[PDB]
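Asks: A single structure is presented below for examination.
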Amino acid sequence: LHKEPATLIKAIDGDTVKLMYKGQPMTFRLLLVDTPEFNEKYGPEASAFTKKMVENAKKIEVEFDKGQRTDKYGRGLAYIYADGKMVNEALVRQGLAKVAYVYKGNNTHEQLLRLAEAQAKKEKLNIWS
Ligand SMILES: Cc1cn([C@H]2C[C@H](OP(=O)(O)O)[C@@H](COP(=O)(O)O)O2)c(=O)[nH]c1=O
Ligand SMILES: [Ca+2]
C-alpha cells in the first residue's frame, strides 16, 4: 500500500470527506470505520473531530487498500492521513467510530483498528461510555 498526496476541499461528517484527488473533487469514505450520522449520539462529536484533524493538517494523504477502491456511490475507499496520523485509527481510538464493514478485500489495517477499538472500549470512551 502507498500513500498518495491529496488536498482537503471539505470535511463532510465523521467518516466522509471531500478531497482534490487526481485534479478532481472526489468524496472519500474512510475504510473500516463507521461514525454515527450527525443526527445520532456522538455524530456531531465524530464530525467535529474529523473536521479539526483534516482542516488543521499541513499534509493530507490517501492510501487505497488492496481491494475495491470505490463504493457503489462513487466514494473513494481509503485510509486517510493527516500529517502521518491515520484519521480512521484516531477516530476509533477516540471512541468516536466503530470498526465496520470489513470486506471486498480491504482489511490491511483491520487489526490495528480493532486494537484501537478495544482500548477505547476498555476506557469506556464516548460511544462506549
Ligand atoms: C466503508 C464502506 C462503506 N460501503 C457502503 C456500504 C453501505 O452501503 P448501503 O448504504 O448501500 O448499505 C454504506 C455505508 O456507508 P455510510 O456509513 O457512509 O452510509 O456504504 C462500502 O460498500 N464499502 C466500504 O468499505
Ligand atoms: Ca457513517
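One-based numbering along the chain as shown.
Per deposition record, X-ray crystallography, 1.8 Å.
Any Cβ shown, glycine's included, is placed from N, Cα and C.
I grabbed these lines from Swiss-Prot:
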- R29: active site (ACT_SITE)
- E37: active site (ACT_SITE)
- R75: active site (ACT_SITE)
- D15, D34, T35: Ca(2+) binding site (BINDING)
Asks: What does DSSP assign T35 (Ca(2+) binding site), in three states?
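Replies: Going by the DSSP assignment, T35 (Ca(2+) binding site) belongs to neither helix nor strand, so it counts as coil.
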Asks: Among the recorded positions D15, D34, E37, whose Cβ has the fewest other Cβ atoms within 10 Å?
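Replies: Taking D15, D34, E37 as the recorded positions, the minimal 10 Å Cβ count falls on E37.
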Asks: Counting Cβ atoms within 10 Å of each candidate's own Cβ, which of the recorded positions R29, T35, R75 comes out highest?
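Replies: Of the recorded positions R29, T35, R75, the most buried by Cβ count within 10 Å is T35.
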Asks: Compare the Cα of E37 (active site) against each of the recorded positions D15, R29, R75 and report the nearest.
Replies: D15
Asks: Cβ within 8 Å of the Ca(2+) site's Cβ centroid: which residues qualify beyond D15, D34, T35?
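Replies: Same chain, not in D15, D34, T35, Cβ within 8 Å: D13, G14, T16, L30, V33, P36, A46, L91, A97, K98, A100.
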Asks: With respect to ligand 1, which members of the recorded positions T35, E37, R75 satisfy a Cβ distance under 6 angstroms to one of its atoms?
Replies: none
Asks: Among the recorded positions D15, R29, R75, name every one whose Cβ is found under 6 angstroms from ligand 2, counting any of its atoms.
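Replies: From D15, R29, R75, counting a Cβ under 6 Å from ligand 2 as near, the near ones are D15.
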Asks: How would DSSP class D15 (Ca(2+) binding site) in three states?
Replies: coil
Asks: What is the interatomic distance between the Cα atoms of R75 (active site) and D34 (Ca(2+) binding site), given in whole Å?
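Replies: Pair distance, Cα basis, whole Å: 14 Å.
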